[PDB]
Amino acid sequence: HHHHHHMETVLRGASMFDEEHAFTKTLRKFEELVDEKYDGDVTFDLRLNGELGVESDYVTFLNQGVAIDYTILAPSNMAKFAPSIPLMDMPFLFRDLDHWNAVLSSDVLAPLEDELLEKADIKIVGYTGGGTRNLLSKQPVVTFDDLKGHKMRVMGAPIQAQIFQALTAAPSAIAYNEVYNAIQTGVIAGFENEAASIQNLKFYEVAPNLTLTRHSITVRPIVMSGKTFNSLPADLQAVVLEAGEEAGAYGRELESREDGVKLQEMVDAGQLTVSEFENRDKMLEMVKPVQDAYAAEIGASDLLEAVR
(Lines of atoms letter the chains of each structure in order from A and count residues from 1; the text may use other names and numbers.)
(Lines give C-alpha, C1' and ligand atoms only; values in the text may rest on other atoms or scores of the structure.)
Protein backbone atom coordinates (compact mmCIF):
# COMPACT_ATOMS: atom_id res chain seq x y z
CA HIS A 1 0.00 0.00 0.00
CA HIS A 2 2.87 2.48 0.91
CA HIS A 3 4.04 4.72 -1.98
CA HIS A 4 6.46 7.54 -2.54
CA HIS A 5 5.16 11.02 -1.65
CA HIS A 6 5.34 13.70 -4.38
CA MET A 7 9.00 1.46 -2.24
CA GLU A 8 7.79 3.14 -5.41
CA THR A 9 5.59 5.49 -7.39
CA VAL A 10 2.52 3.80 -8.89
CA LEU A 11 0.86 5.25 -12.00
CA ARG A 12 -2.59 3.93 -12.89
CA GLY A 13 -3.70 3.73 -16.51
CA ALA A 14 -6.96 2.88 -18.28
CA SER A 15 -7.92 1.35 -21.61
CA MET A 16 -11.30 0.46 -23.06
CA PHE A 17 -9.79 -2.40 -25.03
CA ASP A 18 -7.90 -5.66 -24.61
CA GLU A 19 -4.17 -6.16 -25.32
CA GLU A 20 -4.80 -6.51 -29.07
CA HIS A 21 -5.86 -2.91 -29.66
CA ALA A 22 -3.42 -0.19 -30.75
CA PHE A 23 -4.34 2.10 -27.78
CA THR A 24 -3.49 -0.63 -25.24
CA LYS A 25 -0.28 -1.35 -27.15
CA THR A 26 0.56 2.38 -27.16
CA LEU A 27 0.05 2.56 -23.41
CA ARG A 28 2.25 -0.53 -22.90
CA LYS A 29 4.91 1.13 -25.08
CA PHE A 30 4.68 4.28 -22.93
CA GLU A 31 5.25 2.21 -19.80
CA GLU A 32 8.20 0.37 -21.42
CA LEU A 33 9.85 3.62 -22.46
CA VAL A 34 9.47 5.33 -19.10
CA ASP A 35 11.13 2.26 -17.56
CA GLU A 36 13.99 2.34 -20.12
CA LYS A 37 14.50 6.07 -19.66
CA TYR A 38 13.99 6.74 -15.99
CA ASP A 39 16.94 6.38 -13.70
CA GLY A 40 14.49 5.61 -10.90
CA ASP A 41 11.60 3.39 -9.80
CA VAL A 42 8.06 3.56 -11.17
CA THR A 43 5.30 0.94 -11.35
CA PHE A 44 2.49 1.03 -13.94
CA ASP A 45 -0.92 -0.53 -13.40
CA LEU A 46 -2.91 -0.58 -16.63
CA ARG A 47 -6.56 -1.48 -16.20
CA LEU A 48 -7.88 -2.87 -19.48
CA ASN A 49 -11.11 -3.95 -21.11
CA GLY A 50 -12.99 -0.88 -19.90
CA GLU A 51 -12.77 -2.09 -16.29
CA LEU A 52 -12.71 1.57 -15.21
CA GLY A 53 -15.31 2.84 -17.67
CA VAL A 54 -15.16 4.67 -21.00
CA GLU A 55 -13.35 7.86 -22.11
CA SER A 56 -16.16 10.09 -20.89
CA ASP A 57 -15.48 8.71 -17.42
CA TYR A 58 -11.68 8.90 -17.80
CA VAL A 59 -11.69 12.58 -18.69
CA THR A 60 -13.53 13.56 -15.49
CA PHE A 61 -11.15 11.30 -13.43
CA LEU A 62 -8.10 13.13 -14.90
CA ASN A 63 -9.69 16.57 -14.30
CA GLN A 64 -10.21 15.56 -10.64
CA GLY A 65 -6.69 14.19 -10.25
CA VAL A 66 -7.89 10.85 -8.80
CA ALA A 67 -8.81 7.31 -9.86
CA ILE A 68 -6.46 7.12 -12.86
CA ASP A 69 -3.26 8.97 -13.81
CA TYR A 70 -3.00 8.39 -17.60
CA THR A 71 -4.92 7.16 -20.65
CA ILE A 72 -5.71 8.11 -24.30
CA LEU A 73 -8.62 10.43 -25.14
CA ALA A 74 -10.55 11.50 -28.21
CA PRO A 75 -10.74 15.32 -28.50
CA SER A 76 -14.49 15.07 -29.11
CA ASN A 77 -14.92 13.40 -25.72
CA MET A 78 -13.23 16.34 -23.98
CA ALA A 79 -15.56 19.20 -24.97
CA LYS A 80 -17.15 19.77 -21.53
CA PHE A 81 -13.69 20.48 -20.07
CA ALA A 82 -12.05 22.20 -23.11
CA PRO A 83 -14.46 23.49 -25.81
CA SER A 84 -11.65 24.22 -28.29
CA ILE A 85 -9.99 20.81 -28.27
CA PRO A 86 -12.41 19.06 -30.60
CA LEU A 87 -10.99 21.22 -33.42
CA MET A 88 -7.93 18.97 -33.24
CA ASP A 89 -9.51 16.20 -35.34
CA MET A 90 -12.92 17.45 -36.27
CA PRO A 91 -14.62 15.80 -39.22
CA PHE A 92 -13.24 16.56 -42.69
CA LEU A 93 -10.30 18.54 -41.26
CA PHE A 94 -7.65 16.33 -42.93
CA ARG A 95 -7.46 15.48 -46.66
CA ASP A 96 -5.52 12.29 -46.17
CA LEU A 97 -2.77 10.68 -44.09
CA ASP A 98 -0.05 12.92 -45.51
CA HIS A 99 -1.95 16.02 -44.33
CA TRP A 100 -2.60 14.54 -40.92
CA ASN A 101 1.08 13.65 -40.57
CA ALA A 102 2.22 17.18 -41.55
CA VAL A 103 0.15 18.49 -38.60
CA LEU A 104 1.32 16.07 -35.93
CA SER A 105 4.92 16.68 -37.06
CA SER A 106 4.66 20.36 -36.21
CA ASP A 107 3.72 22.13 -33.00
CA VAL A 108 0.76 23.86 -34.63
CA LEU A 109 -1.73 22.29 -32.16
CA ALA A 110 0.14 23.93 -29.32
CA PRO A 111 -2.59 26.48 -28.56
CA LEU A 112 -4.97 23.61 -27.94
CA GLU A 113 -2.58 21.70 -25.61
CA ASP A 114 -2.26 24.94 -23.66
CA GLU A 115 -6.06 25.36 -23.31
CA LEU A 116 -6.51 21.76 -22.19
CA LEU A 117 -3.87 22.15 -19.48
CA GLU A 118 -5.15 25.58 -18.38
CA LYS A 119 -8.88 24.89 -18.41
CA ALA A 120 -9.09 21.15 -17.73
CA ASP A 121 -5.84 20.43 -15.86
CA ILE A 122 -5.01 17.63 -18.27
CA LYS A 123 -1.50 17.34 -19.78
CA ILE A 124 -0.93 16.00 -23.29
CA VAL A 125 2.27 13.95 -23.30
CA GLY A 126 2.10 12.58 -26.86
CA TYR A 127 -0.21 11.85 -29.82
CA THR A 128 -1.42 8.49 -31.11
CA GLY A 129 -4.31 7.79 -33.55
CA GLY A 130 -4.24 7.36 -37.31
CA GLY A 131 -7.50 5.46 -37.75
CA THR A 132 -9.98 6.47 -40.44
CA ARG A 133 -13.57 6.85 -39.21
CA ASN A 134 -16.32 5.65 -41.50
CA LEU A 135 -20.13 5.14 -41.15
CA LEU A 136 -21.08 1.69 -39.81
CA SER A 137 -24.78 0.82 -40.08
CA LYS A 138 -27.34 -1.99 -39.81
CA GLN A 139 -28.43 -1.50 -43.42
CA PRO A 140 -26.45 0.03 -46.32
CA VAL A 141 -26.13 3.81 -46.27
CA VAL A 142 -24.65 4.80 -49.62
CA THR A 143 -26.47 7.87 -50.93
CA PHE A 144 -27.62 11.24 -49.66
CA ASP A 145 -31.15 9.85 -49.86
CA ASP A 146 -30.08 7.11 -47.41
CA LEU A 147 -28.38 9.66 -45.15
CA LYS A 148 -31.42 11.95 -44.82
CA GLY A 149 -32.87 11.25 -41.38
CA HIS A 150 -30.28 8.57 -40.69
CA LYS A 151 -30.29 8.07 -36.92
CA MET A 152 -26.67 7.73 -35.81
CA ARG A 153 -24.63 7.99 -32.62
CA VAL A 154 -21.96 10.68 -32.34
CA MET A 155 -19.43 11.59 -29.67
CA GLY A 156 -20.62 14.40 -27.43
CA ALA A 157 -18.66 17.40 -28.71
CA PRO A 158 -21.05 19.85 -30.39
CA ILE A 159 -19.04 19.88 -33.61
CA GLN A 160 -19.79 16.18 -34.22
CA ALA A 161 -23.57 16.62 -34.17
CA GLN A 162 -23.29 19.88 -36.15
CA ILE A 163 -21.33 18.12 -38.91
CA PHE A 164 -23.69 15.20 -39.33
CA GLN A 165 -26.76 17.45 -39.06
CA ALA A 166 -25.33 19.45 -42.00
CA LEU A 167 -25.13 16.18 -43.91
CA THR A 168 -28.89 15.81 -43.15
CA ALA A 169 -28.52 12.91 -40.67
CA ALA A 170 -30.14 12.79 -37.20
CA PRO A 171 -27.24 12.46 -34.75
CA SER A 172 -27.66 11.36 -31.13
CA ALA A 173 -25.03 11.76 -28.40
CA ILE A 174 -25.25 8.26 -26.92
CA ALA A 175 -22.59 6.70 -24.63
CA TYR A 176 -20.00 4.54 -26.40
CA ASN A 177 -20.80 1.54 -24.18
CA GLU A 178 -24.51 1.84 -25.08
CA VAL A 179 -24.04 1.92 -28.87
CA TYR A 180 -24.05 -1.85 -29.47
CA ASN A 181 -27.39 -2.33 -27.68
CA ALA A 182 -28.88 0.86 -29.16
CA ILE A 183 -28.22 -0.47 -32.66
CA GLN A 184 -29.30 -4.06 -31.81
CA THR A 185 -32.48 -2.62 -30.36
CA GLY A 186 -33.10 -0.25 -33.29
CA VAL A 187 -32.88 2.98 -31.31
CA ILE A 188 -30.34 4.13 -33.88
CA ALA A 189 -29.38 2.79 -37.27
CA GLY A 190 -25.63 3.12 -36.87
CA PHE A 191 -22.66 5.18 -35.74
CA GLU A 192 -19.18 6.00 -37.04
CA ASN A 193 -15.77 4.58 -36.03
CA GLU A 194 -12.39 3.44 -37.25
CA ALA A 195 -11.41 -0.15 -38.15
CA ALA A 196 -9.40 -1.10 -35.06
CA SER A 197 -12.14 -0.34 -32.57
CA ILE A 198 -14.92 -1.79 -34.73
CA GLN A 199 -13.00 -5.06 -34.89
CA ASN A 200 -11.84 -5.15 -31.26
CA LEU A 201 -15.31 -4.52 -29.75
CA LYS A 202 -17.14 -6.57 -32.36
CA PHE A 203 -19.46 -3.77 -33.51
CA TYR A 204 -19.75 -5.54 -36.86
CA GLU A 205 -22.03 -8.03 -35.08
CA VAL A 206 -24.86 -5.48 -35.00
CA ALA A 207 -23.78 -3.11 -37.80
CA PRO A 208 -22.28 -5.08 -40.72
CA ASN A 209 -22.51 -2.30 -43.37
CA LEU A 210 -19.58 0.06 -43.66
CA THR A 211 -19.64 3.19 -45.81
CA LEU A 212 -16.32 4.75 -46.88
CA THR A 213 -17.07 8.36 -45.93
CA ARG A 214 -13.54 8.66 -44.51
CA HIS A 215 -14.69 11.66 -42.54
CA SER A 216 -12.09 11.69 -39.76
CA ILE A 217 -8.50 10.63 -39.38
CA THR A 218 -8.09 10.31 -35.63
CA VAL A 219 -5.84 12.37 -33.39
CA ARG A 220 -5.63 10.69 -30.01
CA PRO A 221 -3.64 12.49 -27.32
CA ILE A 222 -1.91 10.40 -24.69
CA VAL A 223 -2.80 12.27 -21.48
CA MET A 224 -1.85 12.46 -17.83
CA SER A 225 -3.68 14.32 -15.12
CA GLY A 226 -2.18 17.75 -14.54
CA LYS A 227 -2.27 17.02 -10.80
CA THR A 228 -0.14 13.91 -11.19
CA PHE A 229 2.20 15.25 -13.87
CA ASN A 230 2.97 18.45 -11.99
CA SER A 231 3.65 16.46 -8.80
CA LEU A 232 6.27 14.22 -10.38
CA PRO A 233 9.96 14.99 -9.85
CA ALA A 234 11.37 17.21 -12.59
CA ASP A 235 13.48 14.45 -14.16
CA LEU A 236 10.51 12.09 -14.39
CA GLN A 237 8.38 14.86 -15.94
CA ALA A 238 10.90 15.19 -18.78
CA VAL A 239 11.05 11.40 -19.20
CA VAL A 240 7.24 11.21 -19.37
CA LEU A 241 7.20 13.80 -22.20
CA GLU A 242 9.93 11.91 -24.12
CA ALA A 243 8.27 8.54 -23.60
CA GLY A 244 4.87 9.95 -24.52
CA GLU A 245 6.16 11.47 -27.72
CA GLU A 246 7.84 8.22 -28.78
CA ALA A 247 4.92 6.01 -27.73
CA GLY A 248 2.57 8.26 -29.75
CA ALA A 249 4.77 7.93 -32.84
CA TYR A 250 4.74 4.15 -32.40
CA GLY A 251 1.00 3.97 -31.94
CA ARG A 252 0.06 6.09 -34.86
CA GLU A 253 2.43 4.26 -37.23
CA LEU A 254 0.77 1.06 -35.97
CA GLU A 255 -2.89 2.06 -36.26
CA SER A 256 -2.51 3.91 -39.56
CA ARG A 257 -0.71 0.93 -41.15
CA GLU A 258 -3.25 -1.62 -39.81
CA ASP A 259 -6.48 0.27 -40.58
CA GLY A 260 -6.96 -0.99 -44.13
CA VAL A 261 -5.61 -4.43 -43.20
CA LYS A 262 -8.31 -4.76 -40.53
CA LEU A 263 -11.08 -3.68 -42.89
CA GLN A 264 -9.89 -6.48 -45.16
CA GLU A 265 -9.78 -8.99 -42.29
CA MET A 266 -13.45 -8.22 -41.54
CA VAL A 267 -14.45 -8.47 -45.21
CA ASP A 268 -12.60 -11.74 -45.65
CA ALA A 269 -14.30 -13.17 -42.56
CA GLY A 270 -17.75 -12.23 -43.83
CA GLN A 271 -18.19 -9.74 -41.00
CA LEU A 272 -18.38 -6.48 -42.96
CA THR A 273 -19.68 -5.35 -46.32
CA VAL A 274 -17.82 -2.27 -47.48
CA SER A 275 -19.39 0.27 -49.86
CA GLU A 276 -18.48 3.67 -51.30
CA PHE A 277 -20.72 6.71 -50.70
CA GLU A 278 -22.12 8.16 -53.96
CA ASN A 279 -20.87 11.72 -54.55
CA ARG A 280 -18.97 11.67 -51.27
CA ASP A 281 -16.96 14.82 -52.10
CA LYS A 282 -20.11 16.98 -52.06
CA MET A 283 -19.85 16.42 -48.29
CA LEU A 284 -16.82 18.69 -48.21
CA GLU A 285 -18.73 21.73 -49.45
CA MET A 286 -21.70 21.04 -47.19
CA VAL A 287 -19.69 20.98 -43.93
CA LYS A 288 -17.45 23.98 -44.60
CA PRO A 289 -19.85 26.56 -43.09
CA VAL A 290 -20.12 24.51 -39.91
CA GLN A 291 -16.33 24.12 -39.59
CA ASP A 292 -15.76 27.84 -40.13
CA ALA A 293 -18.47 28.84 -37.66
CA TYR A 294 -17.11 26.60 -34.92
CA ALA A 295 -13.55 27.94 -35.42
CA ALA A 296 -14.86 31.51 -35.33
CA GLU A 297 -16.85 30.91 -32.15
CA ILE A 298 -13.81 29.57 -30.26
CA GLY A 299 -11.53 32.25 -31.74
CA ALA A 300 -9.48 29.71 -33.68
CA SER A 301 -10.06 30.92 -37.25
CA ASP A 302 -6.35 31.53 -37.83
CA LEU A 303 -5.41 28.10 -36.41
CA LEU A 304 -7.91 26.40 -38.75
CA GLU A 305 -6.70 28.34 -41.84
CA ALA A 306 -3.16 27.17 -41.14
CA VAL A 307 -4.23 23.54 -40.97
CA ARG A 308 -6.13 23.73 -44.26
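Note that residue numbering begins at 1 and tracks the sequence as displayed.
Visitor: In terms of residues present in the deposited sequence but not modelled, what lies between residue 6 and residue 7: none, 1 to 3, 4 to 9, or 10 or more?
Guide: Missing in between: 10 or more residues.
Visitor: Output the stretch having the higher mean C-alpha B factor in the entry; the candidates are 175-183 and 139-147.
Guide: It is 139-147.
Visitor: Between 63-71 and 36-44, which has the higher average C-alpha B-factor in the PDB entry?
Guide: Per the deposited B-factors, the answer is 36-44.
Visitor: Select one of 206, 222, 85, 157: the residue whose C-alpha shows the highest B-factor in the crystal structure entry.
Guide: Going by the entry's C-alpha B-factors, 206 comes out highest.
Visitor: Name the residue from 26, 264, 279, 56 with the greatest C-alpha temperature factor listed in the entry.
Guide: Max CA B-factor in the entry, restricted to 26, 264, 279, 56: 279.
Visitor: Please say which third, lowest, middle or highest, residue 115 falls into when its CA temperature factor is compared across its chain.
Guide: Residue 115: CA B-factor falls in the highest third of its chain.
Visitor: Among the modelled residues of its chain, does the C-alpha B-factor of residue 121 lie in the lowest, middle or highest third?
Guide: For residue 121, whose C-alpha B-factor we compare with every modelled residue in the chain, the answer is the lowest third.
Visitor: Determine, from the deposited record, the chain-internal third of the Cα B-factor for residue 106: lowest, middle or highest.
Guide: Answer is highest: the recorded C-alpha B-factor places it there.
Visitor: Pull the Cα B-factor of residue 268 out of the PDB entry and bin it into the chain's lowest, middle or highest third.
Guide: For residue 268, whose C-alpha B-factor we compare with every modelled residue in the chain, the answer is the highest third.
Visitor: Divide the modelled residues of the chain into thirds by Cα B-factor and specify which third, lowest, middle or highest, holds residue 254.
Guide: As the PDB entry reports it, the C-alpha B-factor of residue 254 lands in the lowest third of its chain.
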